[PDB]
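Structural overview
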Amino acid sequence: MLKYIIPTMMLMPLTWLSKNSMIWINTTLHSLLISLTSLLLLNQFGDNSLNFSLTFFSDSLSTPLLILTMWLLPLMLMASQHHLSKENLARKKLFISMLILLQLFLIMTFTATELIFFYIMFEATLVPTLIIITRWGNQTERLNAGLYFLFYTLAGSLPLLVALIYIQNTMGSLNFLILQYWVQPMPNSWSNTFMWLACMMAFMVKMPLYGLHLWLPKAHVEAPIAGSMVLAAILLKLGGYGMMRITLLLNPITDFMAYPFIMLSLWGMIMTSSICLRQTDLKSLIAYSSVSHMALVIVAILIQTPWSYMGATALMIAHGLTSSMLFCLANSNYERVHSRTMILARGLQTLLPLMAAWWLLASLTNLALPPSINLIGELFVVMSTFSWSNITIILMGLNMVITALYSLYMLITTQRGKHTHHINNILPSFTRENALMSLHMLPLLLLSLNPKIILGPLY
Amino acid sequence: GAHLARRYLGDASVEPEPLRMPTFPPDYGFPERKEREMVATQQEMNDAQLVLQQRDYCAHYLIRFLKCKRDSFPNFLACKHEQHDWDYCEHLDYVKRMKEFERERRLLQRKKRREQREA
Amino acid sequence: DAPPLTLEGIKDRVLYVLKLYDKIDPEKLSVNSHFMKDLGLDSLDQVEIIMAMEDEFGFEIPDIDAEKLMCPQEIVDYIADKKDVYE
Amino acid sequence: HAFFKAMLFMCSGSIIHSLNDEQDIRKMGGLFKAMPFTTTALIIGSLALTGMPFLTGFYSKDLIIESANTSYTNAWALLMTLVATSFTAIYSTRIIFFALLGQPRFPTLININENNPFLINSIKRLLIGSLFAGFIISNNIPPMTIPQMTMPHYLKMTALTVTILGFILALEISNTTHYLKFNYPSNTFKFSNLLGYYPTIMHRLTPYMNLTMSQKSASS
Amino acid sequence: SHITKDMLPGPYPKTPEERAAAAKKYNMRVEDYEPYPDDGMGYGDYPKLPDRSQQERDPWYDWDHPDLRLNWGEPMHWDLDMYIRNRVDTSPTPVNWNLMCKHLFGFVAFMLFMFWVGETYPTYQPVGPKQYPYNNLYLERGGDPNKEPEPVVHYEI
Amino acid sequence: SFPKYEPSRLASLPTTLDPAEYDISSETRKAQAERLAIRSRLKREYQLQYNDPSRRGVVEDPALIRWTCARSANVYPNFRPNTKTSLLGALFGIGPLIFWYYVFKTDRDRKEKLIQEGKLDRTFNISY
Amino acid sequence: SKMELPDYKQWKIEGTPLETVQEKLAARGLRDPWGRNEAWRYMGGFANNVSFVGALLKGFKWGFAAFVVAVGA
Amino acid sequence: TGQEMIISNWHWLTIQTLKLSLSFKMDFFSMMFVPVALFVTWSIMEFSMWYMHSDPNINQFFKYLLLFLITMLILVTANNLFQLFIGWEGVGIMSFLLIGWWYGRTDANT
Amino acid sequence: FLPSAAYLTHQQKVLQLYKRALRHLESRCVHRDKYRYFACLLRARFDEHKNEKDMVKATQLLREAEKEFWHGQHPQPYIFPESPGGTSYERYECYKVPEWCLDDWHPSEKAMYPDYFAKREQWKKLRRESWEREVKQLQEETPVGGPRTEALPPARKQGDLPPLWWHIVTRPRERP
Amino acid sequence: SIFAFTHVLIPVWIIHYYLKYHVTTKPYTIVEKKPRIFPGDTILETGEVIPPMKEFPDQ
Amino acid sequence: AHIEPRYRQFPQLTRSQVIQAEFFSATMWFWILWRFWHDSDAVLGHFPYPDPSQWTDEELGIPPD
Amino acid sequence: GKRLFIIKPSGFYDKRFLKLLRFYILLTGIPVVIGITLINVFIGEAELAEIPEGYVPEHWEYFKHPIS
Amino acid sequence: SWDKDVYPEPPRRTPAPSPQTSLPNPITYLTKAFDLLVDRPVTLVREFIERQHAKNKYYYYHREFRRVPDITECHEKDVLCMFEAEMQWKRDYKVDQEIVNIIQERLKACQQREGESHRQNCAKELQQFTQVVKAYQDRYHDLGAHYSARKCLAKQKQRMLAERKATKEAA
C-alpha cells in the first residue's frame, strides 16, 4: 500500500519544482498514472480481506471507494481551471498541492486498520476541505460556510474519540480482525446506549441524517468546484464507510435503539426530496439530492441485512459519480452566466447541442435509469427494507416519484423551451468540459455492464 | 335473462344457488342411469401437453383436432369438420349441464313446496 | 406545406375578399382607401372585415391592431409582418 | 387493435399535414373526394371499429363481449360493455360525418396532395394488414381455452344490435345538427366535453397542495 | 454591482418613510405596496401580488421574456416557482370550482356504489359446475402422488 | 340567469365580470396612468441597455437578484418565535415523524410476536 | 407564383341553404348577410357531397360483380 | 409444431441464493407478437420518412424511435423479471423524449 | 394592460366582446350556414341599442351582456393553430436561433459562406456607425422628465435608421 | 446485395457460432418445452409407436 | 413540375389514387360478402340453443310429487 | 433562385470533439481487440483435468483464460 | 461440458410429422438451405480453431482445500485456531449457497421441460427443493450481516436446546 502512498507524496514536490505551463501536464499525467496504479489493486478474494502490511489492509468495501478516489483526482484537477488560471502562480501551486495532500489523507483514511488511526485520518481529511472552500469560496458567505462546516463536523466527531478510547481499553487492540474474533455482545444498560449513540451520531452527522443536513447547503453553494466534488463524493461516502465498519460491534442493542433514526431518515427523505422541488440556486438542488440518497443509505445501514449492505455500497458509488458529474455540469453553466440562479439561464437545446446530451445522461442516472448502478442500489435497499417491514414501501416509492419529478425539473427547467435572448455571451462548448463529462460517464456505463466488482463484503 | 331476475326478486328457495348446485343426493329419480365412459385415455391426454380446464370431456376430438392441425399445417383451412364436431360435443356437454341445473332446481322446487304446502 | 406568398398575390387575395363583400362597390374600391373616410362603413363591419382576413389566412390578429388598421394597405402590411413575405 | 389504430393515426396525420397542420374538426368538415384514398382509409378503419361483421375487429370485440356474457360476471360490467360499445359506435360515426361527408369548411388556397409513394405504400400495407390479419391469427392459435359458443337467443344478436343502434343514434344526432336552433349547454354536454372535471381538478389541486407545503412547511 | 440598501430588512413601520422607501425600492405604486403582514413567518417585506397571474397576462402584449410574461422590472410575486406555466395553471374555469367538485364526487360515488351492487349480485347463465373426469381432476393439482384418493364422481344425467 | 361565478384559490377571476372595472373613479385613472409610466421607464432603461452593440454580458436584472436574496438569505433575519410559528413548527415537523414512529413500532411488534409464535409463512424466506 | 384569380361575380350565390337562410332572414326582416363568399363551398365539385349511407353502400359497385363471379366459382 | 423454448445466458451478479442472467422466453406472446409490432413500426417508418421530410433533426428522430423499439422488444420478451423492469423504465423514458420532441411549446414538456 | 394608453376604452371593450362572441359562435356552430344566420342575428341584437345617447345604461348593458356571454361560451373556443393557447404556440421554435450567434463560428465555415458574412459585417458597421449620436440623442432628446409612453419616435431627422431597431429587425423568420 | 448479405449472414454467422459452443457448454441454458407426441405417431429418435386411442361412438 | 394548388375550386384528382381508392373499398366489400357467405354464420351460433332444459318433467329425473 | 439560409449554432467544435474521442478510444480499442482475438484463436484457453500426483502447481496454472 | 449425473435430463421424445398435405413443407426447404448455407462454414472454422488450440496443451486445475478442524475445537480467544476455523466455515458457506443455486436451476429446467402440466413429475424435484431449503432456512437464515461463525454456533445451540425442551415436554 506504501506503493500507493509514496508516489502520491512524490507528486507534491513535483508541483513545486515545475514552472508556468509546466505544472499542469506533470500533475495530470502522473495522477492518471496513479489511477492505473490502484486499478492494479483489485485482487480481493474469498476468505477475508487482504493485508497490506502489519498496518494496512483492504476490505472489498474499501477497494471501489479507493479506486474512485484515485479516479476522481485528475478529473477534479482539470475541472478546477478557468476559474483560477488568472490568479497567481504561487497560489495556483498551493491549490494543487492542497488537493494532493487531501488525496493522501483520503487514501490513509480508506486503508485504515485501527479505528483511532481512522479517526486521525478522518479529521486530516477534514482540514484541506476547509482551506479550499474558504480561500476560493467565491461568494460573500464563505465565512459562514466554513464556520458551520468545521463546527458541525468536529463537535459531532469529537466524542467518537472518547468512545473508541474506552473500547480500546476494555477489549484489547483495534485491528478490524481483533475487533472481530473477540467482540462479545453488550446488553441494554444505559451506558451502552450512550456509547452506541456517540459513535453512530458522529457518523450520522457526517452522512448527513435529516436533522443535521443544514451543515450541507452552504458548504456546497459557496464552494469552488474542486472542493465541492471532493466534499460530496469522497467525504459523504467516507462517513458511510466508517459506519459500515464500526457497526460490526454493538449489534445486540442496535435493534432496540435504532427506531428513532430510521423514522427520522424516512420522513426526512420525503421532506428533502420535497424541498428540492422548489428552490432556486441550481447548485443546491444537487446538494439536497445528495441528502436524499444519503438518507436511503442510512436506512440501508441501520437495517442489517447482507442485502442491505450490498445495496448500500452500490448506492454509495453510483451517487458519488452522479453528484460529482452534476456539480461539474452546474459549474459549466455558471461559467456561462454569472447567475447561479435557476430560472435565468434557459434555452440551450439550440445552443451547445451536445451539452444537453450530458445533462440528459446524468439526469437519467439520477432518475435511476435501470441498467445503471443507482437503480441496482436503490432496488436492493428497497428489497431489504421491505423484508424489514411490510409498510415502508410507501415512503420508498414516493421518494422515487418526487425524485423523478425534481430531477426532470432540473433537466427541463434550465435547458428547455426558450433562451432569454439577452445573454449573447455564451461560448460554444470547450473540449475540456466535454472531456470531463467523458471521464464521468464512461466508467458509470462500464460498471453498468459488469457490476460484480463494486458490491460489498457481503457478496 | 329473467330467470336471474326471478332469482333476485322472488322467493330464493326454489331458485338454486350456483357454485353450490350439488345439494340433493344422487339418482333420486334415475336409479341406475350412469355411464360416464370417458375413453379419452387420460395418460395419453397428459402425454400431449393439454391444458388445465381442457383435461375434460370430449377430449379425444381435441386430440384429433391438434393431431390433424399439426399433421396438415400448410393446408391452413383443413381441419374444420373435426372443429365443428368438437363444438357439437361441447354443445352436448353444455346442454347436459343445463339439464343438471333444472334437474336440481325442479327437484328442490316441487319436492320442498309439495311437502311444505301439503304438510 | 409551403406555397410561397408574394406581395402581388396577397394584394389580389385581400382585394378579392373585399370585393366579394356586399355593401361596398367594385368601383370605389381602392388599395389606398379608407374604412373610415371614403368607404364610410362603420367600425362594426370593419371588424367583420378583420374577421374575414383572420378566417381566410388562418391566424388571429390581436385587438391592439384591430383598433388601428382602417385601410387595406395596412392589412397587407400586417400579414406581411406575420408571414415575413420574401421567398 | 394494433393494426387498426396505427392505420387510423396514420390516416389522421395524412389529413392534417395535407391541410397545413390545422388538425381541428371544426374547420375540416367536408373532405370526401379530397382524394378518396384517405377517405376510404378512414371509413375502413372506423367501421372496422365495432367490427362490421365480420372483419378482423369482429373477432376480438364480439367474442369478448359474448364470452363475458357467458360468464359468472359482476352484473354491472356487462351493462358497462353495453354502453361502451354503443358510445364507441356513436363517436366513430360522428367523427366520420364531421370529417368527411359534411360540407367543406376549411380555409382556402387548397394544397391537398397524396400522390406520394410512401404514403400509399404505408396505408396500402396497413389496410391489407388490418383486413386479413385478425382472421389469419385467430384461425391458427393453439386452442388455449374452451370456447363457449352456446349462447341463448337475444345474447348473440346483442353485439350487432348495439352497434346498429349506435349508428342510427349518431345518424339522428347528425340530422339534428343540420337544423338551426342554437341550443344551450346542458352540463352533461359539459361533463363530456370538458374532460369531465378530472384533469382540471387534479392538475390544479395536486400541484398546488404539495408546493404550498414545500414553501411554508418544508423550506421556509 | 448591487447596493447594500437594495436588500430588505423589516416590515412596513413606520408608514411615511418606510412605505416611501419600499415604493422607491420595489418599483411599485405607493399605496399598492402590501407587506404580508408581520406574523413573523419570515417573508421580510416582499410584496403581495394578485397571486394567480400566469394564465392571466394575455399573450399578445409582446413583452420581453416570452415564456414568463415578465417585463424585466415587475417586483415578481413571491411564489413564482409555483407559477411558471408548466407548473400550476390557474385559468378562470369554464364552470366554477364548487360545481366541479360536487359533480365529480357525486359521479364517482354513484358508480362505486353501483359496483358494490354488482359485487353482491352476480350474473350467471344457469348452469351447474363442470364434471371433471378423475375426482375433481385430482393428481394434477398441487401434488399428492400416493397420499390419499379423494373419491367424488359424476353421473350421466 | 347565472349564479355570478363564485371564485376560488384556483379559479382566477377573469377580466370581464370584476365588477370593479366599471366603477372607474378618477383614482383608477390616476393609478393606471402612473402604472403605465412605471412600465414605460423600465422598458426604456431595459431597451437602451439591451440594444448596445458593445454590451457583451447579460443585462443583470436587479429584480431577479432582489427576489432571490429575499427568498433564501433574508429569511433567518428576520424572525421572532411567535405562537403561530412555533405551533406550526412543532406540528408540521414533529407530528408526521412521531406518527410514523408509532406505526412502525406497531407493525414491527406484530411481526416479531407473530414469528415468535412461529406460525408465519417463512417456509422459504431466505432473501431477508 | 402565378394564380390567375378565379374571380368574383361568378359565385352568384344561389346555393340552396344559403339562399333559403337568406329567405328565412328575409322574413325575419334583416336582409344584410356577409354574402357571396361560400359558393365555392356550395358548388363546383361540391354541391351534394353524398349522404352518409352512400359512403357505406359505396362498396358493391365493383363488389357484387366479383361476388357473383366467386359464387359461380 | 410448438417447440416452445427459452434462452438464458450471461449471468451477472449471481450473488446469493438467486441469480439473474439476460434471458428471454419464446412462448406464444413474446413468440408471435413481435411480427405485428415490427410490421406496424415498419409502416410508420415509411410514414415518418414522408411526414418529417422538412427537419434536419431527422436522424436523431429515427435514433430515438428505433431505441424505443429496442426497449419495447426487451420488455415484451423477457422472463427474468429485472429485465422486464429494464424495458419498463426504458419505454417510459423514450416516451418522455419523443413526446417532448418539439422543444419550446411549454404545453408539450408539461 | 396595453402599450398605447392606460385602458382600452368603452368602444374597443365592446368590440373585443363582439369578436369573442362571434368566435365562440363559430366554435359552437358547425355547417356554416346556421353560423351565418346566427351571426346576422347577433349583429341585429347589437343593432337594437347602438345609438344610446346614454352612457351608463350602455355600460350596464355591457355588463349584462358579459354575463350572458360567459354563461354561453364554449368549452373549446376555436383557437387558431398559430395563436398562443392554440396548437402551435411557437411550434417550430426548435430553429428560432437568435443571430448574436453565427459569428462565433470557426473561419473554415466563414470560408464556406463568404458573401453572407461580408454583407453581415457591413450590417454591423451600419449598426455601430449610427449607434451613438443619432439614437441616444433622439432618446434623451424628446420626452418629458418621465417617458410616460411605450411608443418611440422615428428617425425623420434626415437619413439613417430609426432608433432601437436591431432586435426588431433581426428576428427568426417564423417558419424555418 | 451487400446490405442483406452482411446483415442476415454475418451477425447470423456470429450468433450461430455463439449458439453452439458456449451456449451448450453452459449446461442449464436454452431449453425446449417438450415436443408434444400424439397417440398415432412413432418416435423419430429410436422408433416405437404409441397406442392409438379407443372407440369413438355416437358422434 | 408536380401537381398544382388551386384557389377556391375543387381540387384535381389524378387517376391512380382514385382507382386504388375504389379498389380497396370494393375489395373490403367483396371480402366481407364472401366471408359472410362461404362458411360462417358468425352471426349465428351454428348449434341450436334449446329451451329450458327440455321442460320434460318425468324425464331428467323427478318423482311425481 | 429558391434556397434559404439556416442559422446553426456551430458544427466545428462539437464534431471536432467527437472525432477526437472516437479516434483516441479507437487507437487502442482496435489493437487490443485484435490482440485478444489472436489470443483466443491461437494460444488456447485451458483444459479441465485434475491435480497430478505429487506436483503442486504455481498460484497460476489455475484459471481457464490465458490472459487471466 | 458438465456432469449429467448432477444435471439430469429427462429422456428424449421426438415424433416425425407426416403430411397428409400437398402444398408441401416450406420450412423444411428453408431448414435444409439453412444448414447448407450457415452450418457449413462455422463448422470448418471451428475445425480450424480447434487445431490451432490443440496444437499445444494447457490445464487449469480445480482448486481443492484440506479440512482444518472446527470452531468447536478452538479455545477461548486464541485467534490462531479461530482464523482457520472461520475460513473453513466461510468456504463451506459459499459452496452451500451455490448448491442452492444448482437446485434452483434444476427447478427452472423442470418447469420449462415438463410444460403446462406443472404438477406432473417435477414433484420429486420440488420435494427435494423444499427439503434442502428447510435445511437452509433452519441453519443460515436469521443471522444478519456480521455473521462470523460464533452467531452460527449460537443459533445451533439455542435451536437444539429449544427442540430438546420441546421433546422433553412432549414426552
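What comes next concerns the included structure. (Residues numbered from 1 in each chain as written, not as in the entry; some residues may be left out. Chains lettered and ligands numbered in written order. Part of a larger assembly, values for the part shown. Heavy atoms only, no water.)

So, on to the interface of chain F and chain E. If you look at the interface, chain F gives 35 residues, while chain E gives 40 residues. Of the roughly 3500 Å² buried where chain F meets chain E, counting both sides, 54% is carbon and sulfur surface. The largest contributions to the chain F side of the interface with chain E come from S12, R66 and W67 of chain F, which together make up 18% of the buried area. Here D38 of chain E ties to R80 of chain F by a salt bridge, and the two come within 2.8 Å at their closest N and O atoms. Run the count over chain F and chain E and you get 11 residue pairs in polar contact. Residue assignment for the side of chain F that touches chain E shows that the elements contributing at least two residues are α1 (26-48), α2 (62-71) and α3 (83-117) of chain F. With 9 residues, the top contributor of residues to the side of chain F that touches chain E is α1 of chain F. (Contact = heavy atoms within 4.5 Å. Buried area = accessible area lost by both parts, 1.4 Å probe. Salt bridge = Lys/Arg side-chain N within 4 Å of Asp/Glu carboxyl O. Polar contact = N/O pair within 3.5 Å; in protein donor to acceptor, adjacent residues only side chain to side chain. Helix = DSSP H or I, 4+ residues; strand = E, 2+ residues; numbered from the N terminus.)

Pairwise contact counts over the 42 pairs of chains in contact peak for chains E and F. The least C-alpha distance between chain A and chain C, which are not in contact, is 20 Å. In this assembly chain D lies apart from chain L, the nearest approach of their C-alpha atoms being 19 Å.

Membership of the largest hydrophobic core comes to 236 residues, with the highest contact counts inside it found for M1, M76, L99, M243, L266, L302 and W359 of chain A. If one sorts the elements of this core by residue count, helix α14 (residues 306-336) of chain A sits on top with 16 residues. Here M1 of chain A is in contact with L41, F52, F56, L66, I107 and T111 of chain A, once residues within four sequence places are set aside. In terms of nonpolar packing, the next biggest core, distinct from the first, is built from 39 residues, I61 of chain C, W11 and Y42 of chain G together with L25 of chain I among them. (Core = buried A, V, L, I, M, F, W, Y, C linked by side-chain atoms within 4.5 Å. Buried < 20%, exposed > 50% of the residue type's maximum accessible area, 1.4 Å probe, protein only.)

Time to look at helix α4 (residues 72-83) of chain C. Residues and elements named next belong to chain C. Here α4 spans 17 Å end to end across 12 residues, near enough to the 16 Å set by a 1.5 Å rise per residue. Taken residue by residue, α4 has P72, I75, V76 and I79 as its buried positions. Summarising the axial view, the buried residues of α4 lie within an arc of 95°, below the 170-degree limit, and thus occupy one face. Buried residues along α4 sit against α1 (7-20) and α2 (43-57). Backbone geometry just after α4 places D84 at a positive phi near 60°. (Expected span 1.5 Å × (residues − 1). Arc of directions from axis to C-beta.)

So, about the sheet that holds strand β1 (residues 4-11) of chain H. Strand order in this open sheet of 3 strands is β2(H)-β1(H)-β1(J), and the pairing throughout is antiparallel. Two strands lie at the open edges of the sheet, namely β2 (21-25) of chain H together with β1 (31-33) of chain J, each paired on one side alone. The average undirected angle you get between the axes of adjacent strands in this sheet is 15°. Across 5 bridges, β1 of chain H lies against β2 of chain H in antiparallel orientation. When the sheet's bridge partners are listed, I6 of chain H is paired in β2 of chain H with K25 of chain H. Set on the sheet, helix α2 (residues 79-114) of chain M makes contact with β1 of chain H together with β1 of chain J; between it and β1 of chain J the angle comes to about 40°. (Pairing = 2+ DSSP bridges. Axes fitted to C-alpha atoms, helices over the stretch in contact; angles between N-to-C directions.)

Here we take up the packing of aromatic side chains. Tallied over the entire structure, the rule returns 76 aromatic pairs over all chains. Here the aromatic cluster, defined as three or more aromatic residues joined through ring pairs, consists of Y26, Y33, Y36, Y43, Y46 and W78 of chain E. The positively charged end of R125 of chain D is found above the aromatic ring belonging to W42 of chain H, 4.6 Å away from the centroid. Sitting over the face of the ring of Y21 of chain J, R46 of chain M holds its NZ or CZ atom 5.2 Å from the ring centroid. (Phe/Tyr/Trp six-rings, centres within 6.5 Å; stacked < 30°, edge-to-face > 60°. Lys NZ or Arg CZ within 6 Å of the ring centre and 35° of its normal.)

The next point concerns the packing of helix α11 (residues 225-246) of chain A against α14 of chain A. Residues and elements named next belong to chain A. The N-to-C vectors of α11 and α14 enclose an angle of 170°; their axes lie 8 Å apart at closest approach. Between α11 and α14, the crossing angle belongs to the class labelled roughly antiparallel. Along its contact with α11, which presents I225, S228, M229, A232, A233, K237, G240, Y241 and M244, the element α14 presents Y309, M316, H319, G320, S323, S324, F327, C328 and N331. For the contact of α11 with α14, the class distribution of residues is 10 nonpolar, 7 polar and 1 charged. (Parallel < 35°, antiparallel > 145°, perpendicular 65-115°, else oblique. Nonpolar A, V, L, I, M, F, W, Y, C, P; charged D, E, K, R; others polar.)

A few words on the interface of chain G and chain D. Facing 14 residues of chain G, the contacting portion of chain D comprises 16 residues. In total, chain G and chain D occlude about 1400 Å² of area from one another, counting both sides; carbon and sulfur atoms represent 71% of this. For chain G, the biggest contributors to the area lost against chain D are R41, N49 and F52 of chain G; these three give 41% of the whole. Counting across the interface, chain G meets chain D through 0 salt bridges. Scanning the region where chain G abuts chain D turns up 2 residue pairs in polar contact. Counting only elements with at least two residues in the side of chain G that touches chain D, the list comes to α1 (16-28), α2 (39-42) and α3 (52-56) of chain G. Here the residues of the side of chain G that touches chain D sort into 9 nonpolar, 2 polar and 3 charged.

The analysis is restricted to geometry; functional conclusions fall outside its scope.
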